[PDB]
Amino acid sequence: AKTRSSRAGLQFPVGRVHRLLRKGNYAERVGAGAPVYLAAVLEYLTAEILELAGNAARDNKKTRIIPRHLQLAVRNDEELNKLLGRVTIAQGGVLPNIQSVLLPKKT
Amino acid sequence: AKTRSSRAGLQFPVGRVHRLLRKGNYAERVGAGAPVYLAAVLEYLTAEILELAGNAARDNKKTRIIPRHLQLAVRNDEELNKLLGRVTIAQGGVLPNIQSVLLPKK
Amino acid sequence: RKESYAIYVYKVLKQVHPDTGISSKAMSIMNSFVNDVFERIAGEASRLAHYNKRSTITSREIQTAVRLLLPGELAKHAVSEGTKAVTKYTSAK
Amino acid sequence: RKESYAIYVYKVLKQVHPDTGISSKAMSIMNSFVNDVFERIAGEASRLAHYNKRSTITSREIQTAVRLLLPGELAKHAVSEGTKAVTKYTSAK
Amino acid sequence: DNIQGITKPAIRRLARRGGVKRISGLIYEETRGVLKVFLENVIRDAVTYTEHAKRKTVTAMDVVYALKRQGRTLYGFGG
Amino acid sequence: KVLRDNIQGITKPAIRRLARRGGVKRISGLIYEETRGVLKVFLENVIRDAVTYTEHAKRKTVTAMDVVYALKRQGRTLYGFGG
Amino acid sequence: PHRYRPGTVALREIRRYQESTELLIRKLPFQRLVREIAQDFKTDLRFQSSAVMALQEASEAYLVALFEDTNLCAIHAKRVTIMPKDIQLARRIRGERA
Amino acid sequence: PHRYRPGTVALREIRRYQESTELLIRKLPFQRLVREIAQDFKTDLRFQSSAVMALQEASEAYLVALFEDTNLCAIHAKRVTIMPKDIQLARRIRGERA
DNA sequence: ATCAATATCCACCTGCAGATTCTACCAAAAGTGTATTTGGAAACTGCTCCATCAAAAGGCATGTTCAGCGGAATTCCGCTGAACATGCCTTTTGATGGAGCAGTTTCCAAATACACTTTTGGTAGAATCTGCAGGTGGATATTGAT
DNA sequence: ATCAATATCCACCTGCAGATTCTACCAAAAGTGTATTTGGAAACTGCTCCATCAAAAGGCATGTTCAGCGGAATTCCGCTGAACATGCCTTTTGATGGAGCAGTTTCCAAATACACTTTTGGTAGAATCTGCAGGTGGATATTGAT
């Protein structure tokens with residue numbers, strides 16, 4: 001008895017995604033491909049961000065990803081930043097960035 | 001057979017609103033108290049804009065409301081303007097307004 | 001058929017300003033408006049169910065949802081119109 | 001009992017960075033991320049279906065829904081993993 | 001080229017409606033680029049709805065729906 | 001067993017600190033009261049909707065999720081006090 | 001030898017156009033752009049006449065409001081002339097930029 | 001006199017605070033502000049400790065992002081001192097009262 | 001203050017594109033009545049977690065002093081937009097094939113609804129594991145005074 | 001530009017709160033397997049209405065001339081801020097009574113699910129009506145030169 005996720009090459013629970021799709025009432029019926037496709041996309045997007053997070057955590061000599069890292073990853077990546085342009089990551093701070101005209105000295 | 005709309009005392013289709021609610025996939029069950037209320041709420045709001053748009057036109061010596069009149073009525077009421085803050089009414093123009101610091105020196 | 005609120009917009013239009021009319025493009029705006037407010041209120045009433053794990057979108061929800069969506073006074077009067085219409089319905093056959 | 005995609009995110013975390021962990025605070029955020037992205041797509045897909053008088057959201061809705069919601073290249077590599085998990089599923093029966 | 005179709009005097013009329021009194025010269029090209037980005041974004045989603053419904057004809061509704069999924073809702077074209 | 005006059009607890013020092021995270025270098029003296037004013041309005045809108053979801057569930061305890069759903073309604077999705 | 005001072009005509013135009021609702025960009029030119037841009041997303045498309053129009057109404061409606069903010073931006077820097085940096089500023093803060 | 005010139009302690013703080021995440025508003029006082037404002041909406045309320053934390057995280061995030069747009073707005077008037085009218089322009093343009 | 005060129009208003013006029021009115025057809029509603037089903041209110045209550053009092057202490061706010069320097073006020077003028085009248089190249093308007101957008105029919109792959117069987121992801125809880133906060137010190141800048 | 005006062009960087013070090021690791025129960029999931037229902041792709045087609053063309057219409061592209069806007073240089077007043085002394089009130093480690101959220105079981109008022117009937121809001125072709133959009137005329141307010 002193989003899980004549907006394994007049938008599709010995924011890690012994310014197609015079984016779950018599918019169930020949620022129904023209790024959410026997005027429609028009368030739900031394809032059998034929908035759950036797979038979705039789960040696949042979810043899994044991909046969480047792998048993209050984790051990749052960047054992991055990296056951000058490496059640059060700060062840490063082994064365990066914390067809020068701040070998920071933020072550094074998102075805000076430093078053009079697209080992700082757009083996809084989450086109205087999202088607010090708790091305990092994430094902001095990108096270091098001081099306007100040019102505020103720096104001392106000249107030249 | 002004397003109705004759902006007439007029963008609740010409305011001009012808006014209580015039956016149609018109830019059929020739109022079911023078929024929009026907003027929930028598994030739709031109490032009977034929902035379309036009525038909602039219907040009543042939609043009527044009221046529509047009366048509200050027409051009232052103001054009706055006046056707007058009078059103020060311009062016209063008996064027929066057009067986009068121009070719904071806009072001057074919506075952007076001149078604090079509340080509706082907020083409710084339709086991100087809405088664009090086609091052919092509505094803009095309210096007359098010139099930044100003071102742009103008027104003549106006098 | 002292509003349903004729309006045209007015809008109920010005109011019955012109201014007449015109770016407010018009997019002698020007043022309305023062009024085509026303007027009736028089109030008022031149809032778009034009744035749909036906007038419909039979908040908006042509907043949706044929030046939908047969520048209001050889901051958050052509270054309820055399969056029923058009753059009058060109660062519509063209320064709370066009109067309270068979340070409409071601006072102060074506007075909601076005060078919309079909440080009443082609504083309670084009036086529901087009361088007049090229950091108390092009838 | 002409250003479900004979370006926590007174990008799944010973790011599995012994937014180990015795939016990209018075998019020797020990296022993630023605090024429970026971060027995991028929570030990831031959880032809000034999977035969930036937030038889920039609703040967003042399903043939603044857009046809900047709407048896509050009604051716009052076309054359709055009763056079942058299939059992988060085709062989900063996709064377009066994903067091309068409308070995500071940005072450039074992200075859409076593209078999402079659409080591929082999409083297509084690819086389906087095509088594979090589809091031959092497993 | 002078509003972007004130059006949106007002519008200075010048109011742009012001048014737009015701003016006016018916005019209550020602009022005096023207009024720099026570069027404004028004209030800056031306005032063009034912005035109008036393009038606007039359009040591309042809108043038409044992209046519009047055309048996507050089109051290709052979903054399987055047609056070759058952008059419809060009023062596809063535009064409306066596009067203009068909606070942004071907080072640019074439009075009244076007066078069905079929906 | 002007391003009262004209420006809270007927006008002075010929003011100290012000058014704290015408002016500085018937030019201005020810094022924003023990349024601000026020099027602060028006017030009237031910023032402090034303007035900020036306080038802005039914050040209040042903001043809190044009022046969220047808490048207003050927050051408490052609405054509370055009442056509506058017939059509870060007497062504003063939950064994390066209430067604030068979250070409220071924060072979503074206002075286009076400020078907050079990540080993580082529970083999805 | 002009659003000449004109006006700079007701004008006296010502008011100010012009358014503002015009055016003129018905030019009073020009318022007619023479209024300000026010429027339809028043809030505009031329709032070519034809509035078609036030109038779309039050709040890049042999908043080849044050989046057709047537009048419903050009411051589709052291109054919803055598109056114009058929205059585009060100018062959009063642009064107008066932006067000049068409004070751009071103008072407030074110039075006034076803010078103590079100017080009466082709007083400049084590129086004004087637009088850019090109103091867009092950055094709107095979120096359309098960064 | 002070993003005294004840092006004005007503008008040197010500022011940049012030091014900017015860098016400092018942008019490097020960290022911890023909340024900038026004294027917790028307790030923020031909590032009373034929440035109970036004060038909420039109470040005047042509906043009395044007899046109780047807040048989950050986590051509810052209040054969210055309102056903070058969210059308020060601080062807002063304000064922080066509000067300053068950036070403000071700061072951008074002063075720099076636009078050719079300044080480095082943010083003033084009320086700056087906060088005010090950003091709020092307007094943003095659609096918070098435009 | 002006195003014209004002189006224009007722009008704006010207003011009162012009246014009337015052709016017509018757009019709105020109102022009457023008739024007739026009918027699929028799709030929407031109302032009605034019967035039968036079956038069930039969501040979630042109510043009553044009881046386990047147990048989590050919120051309100052709250054207590055006490056100690058140092059982080060941090062408050063308030064004053066004093067000088068650095070930013071920002072508004074002012075004068076100056078280089079040069080960029082704006083007003084205007086000249087000339088026609090492009091848009092606008094109305095007539096016409098045909099590409100599709102839809103309206104209808106057919107029918108099968110694919111989505112319910114239903115009965116079981118089995119694998120799994122929560123979690124309550126006792127116990128071991130380990131990344132990194134935060135205290136410490138010293139090498140390396142970064143500033144500011146001279 | 002060399003000096004002195006300080007803040008920043010940064011690798012080492014260790015108590016510990018937060019985390020990675022179980023053994024065990026499991027209700028809720030997810031998967032397996034007919035039986036029944038049907039949503040929507042697919043092929044064919046009529047009626048739109050969208051693309052294209054040519055003639056009639058009127059907005060735009062262009063070069064001169066100069067008002068005046070707005071950046072630069074100069075100045076100084078007063079605000080904002082760095083430094084410092086003092087001590088409050090926020091922060092922290094705990095503990096306790098109990099409000100009130102939340103799990104469980106009961107049970108009916110209301111919602112679903114057909115089936116049969118009545119009405120009705122939408123569409124289509126034809127006829128008739130009208131609100132007001134432009135056009136004209138003459139008065140007069142607005143703006144610019146002297």
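## Thoughts on the overall build of chain G
Helix and strand counts for chain G stand at four helices and two strands. Computed over its C-alpha atoms, the radius of gyration of chain G comes to 17 Å, more than 25% above the 13 Å expected for a compact globule of 98 residues. Split into buried and exposed, the 98 residues of chain G put 53% on the buried side. Sequence separation of at least 24 residues holds for 39% of the intrachain contacts in chain G that already meet a minimum separation of 6. Working note: accessible area of chain G is about 5100 Å², and carbon and sulfur atoms make up 47% of it. Here chain G contributes 18 positively and 12 negatively charged side chains, and the mean placements of these two sets differ by 6 Å.

## Comments concerning the protein's contact with DNA strand I
Close contacts around DNA strand I come from 75 residues, with A:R16, C:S24, C:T56, G:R3 and G:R26 the closest. Backbone atoms, meaning sugar plus phosphate, form 97% of the atoms of DNA strand I positioned within 4 Å of the protein. At 2.4 Å, a side-chain N or O of C:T56 approaches a phosphate oxygen of DNA strand I. One of the backbone nitrogen or oxygen atoms of G:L28 is found 3.1 Å away from a phosphate oxygen of DNA strand I.

## Some details on unusual backbone geometry
Residue and element names in this part refer to chain B. A positive phi angle is found at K61, which is not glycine, with a value near 55°. Residue classification places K61 among the exposed residues on the basis of a relative accessible area of 76%. Notably, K106 is not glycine yet its phi reads approximately 55°, a positive angle. In this structure, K106 sits in the segment after β2 (88–89).

## Re the protein's contact with DNA strand J
Lining the immediate surroundings of DNA strand J are 73 residues, of which A:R4, B:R22, D:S55, F:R16 and H:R32 lie closest. Sugar and phosphate atoms represent 97% of those atoms of DNA strand J found within 4 Å of the protein. E:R13 places a side-chain nitrogen or oxygen 2.7 Å from a phosphate oxygen of DNA strand J. Sort the elements by how many residues they give to the surface near DNA strand J and helix α2 (residues 27–39) of chain H lands first, with four residues. Looking at the surface near DNA strand J residue by residue, the class counts come to 17 nonpolar, 18 polar and 38 charged.

## Structural notes on the packing of helix α3 (residues 33–58) of chain B against helix α1 (residues 6–16) of chain C
Two elements in contact, α3(B) and α1(C), have axes separated by 9 Å at closest approach and are oriented at 55°. Overall, the two elements α3(B) and α1(C) adopt an arrangement that is oblique. Crossing angle aside, the handedness with which α3(B) passes α1(C) is right-handed. On the side of α3(B), the interface is formed by B:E43, B:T46, B:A47, B:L50 and B:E51, while α1(C) contributes C:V9, C:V12, C:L13 and C:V16.

## Here we look at the interface of chain A and chain H
The interface is formed by 16 residues belonging to chain A together with 17 residues belonging to chain H. A buried area of about 1300 Å², summed over both sides, lies between chain A and chain H, and 64% of it is on carbon and sulfur atoms. When residues of chain A are sorted by the area they lose upon contact with chain H, A:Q91, A:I98 and A:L102 head the list and together hold 41% of the total. Summed over the shared surface of chain A and chain H, the result is zero salt bridges. Among the residues forming the side of chain A that touches chain H, the class breakdown is nine nonpolar, six polar and one charged.

## Side note on a positive patch on the surface
A contiguous patch of positive charge on the surface is contributed by A:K2, A:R7, D:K84 and D:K88. Residue placement: D:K84 occurs in helix α4 (residues 72–90).

## Observations concerning the interface of chain D and chain A
Taken together, the 57 residues of chain D in the interface contact 54 residues of chain A. At the boundary of chain D with chain A, total buried surface from both sides reaches about 5100 Å², with 72% on carbon and sulfur atoms. Taken together, the links from chain D to chain A amount to two salt bridges. Between A:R16 and D:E3 there is a salt bridge whose closest N-O contact spans 3.0 Å.

## Notes on helix α4 (residues 84–94) of chain G
Counting buried positions over the eleven residues of α4(G) gives eight, a clear majority of the element. Within α4(G) the residues assigned to the buried category are G:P84, G:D86, G:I87, G:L89, G:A90, G:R91, G:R92 and G:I93. Among the structural elements, α2 (27–53) of chain E, α3 (49–76) and β2 (81–82) of chain G together with α3 (49–75) and α4 (84–96) of chain H are those in contact with the buried residues of α4(G). Looking one or two residues past α4(G), G:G95 carries a phi angle of roughly 105°, positive in sign.

## Brief notes about α2(E)
Along an α-helix, residues three or four apart share an orientation, since each turn contains 3.6 residues. The end-to-end C-alpha separation of α2(E) is 39 Å, in line with the 39 Å expected for 27 residues at 1.5 Å each. Looking at the residues trailing α2(E), positive phi occurs at E:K54, about 85°.

## Observations concerning the arrangement of the chains
With no contact between them, chain E and chain F keep their nearest C-alpha atoms 11 Å apart. When C-alpha atoms are compared, chain A and chain G, though not in contact, are closest at a spacing of 9 Å.

Definitions and limits used
Residues numbered from 1 in each chain as written, not as in the entry; some residues may be left out. Chains lettered and ligands numbered in written order. Heavy atoms only, no water. Helix = DSSP H or I, 4+ residues; strand = E, 2+ residues; numbered from the N terminus. Rg over C-alpha atoms; globule rule 2.2 N^0.38 Å. Buried < 20%, exposed > 50% of the residue type's maximum accessible area, 1.4 Å probe, protein only. Contact = heavy atoms within 4.5 Å. Areas by Shrake-Rupley, 256 points an atom, 1.4 Å probe, with all protein chains shown as cover. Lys, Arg positive; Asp, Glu negative; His and termini not counted. Charge placed at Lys NZ, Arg CZ, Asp CG, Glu CD. Near = heavy atom within 4 Å. Polar contact = N/O pair within 3.5 Å; in protein donor to acceptor, adjacent residues only side chain to side chain. Nonpolar A, V, L, I, M, F, W, Y, C, P; charged D, E, K, R; others polar. Axes fitted to C-alpha atoms, helices over the stretch in contact; angles between N-to-C directions. Parallel < 35°, antiparallel > 145°, perpendicular 65-115°, else oblique. Left-handed = near helix turned anticlockwise from the far one by under 90°. Buried area = accessible area lost by both parts, 1.4 Å probe. Salt bridge = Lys/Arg side-chain N within 4 Å of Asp/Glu carboxyl O. Patch = residues over 30% accessible without salt bridge, like charges linked within 9 Å, V, L, I, M, F, W, Y side chains within 5 Å. Expected span 1.5 Å × (residues − 1).

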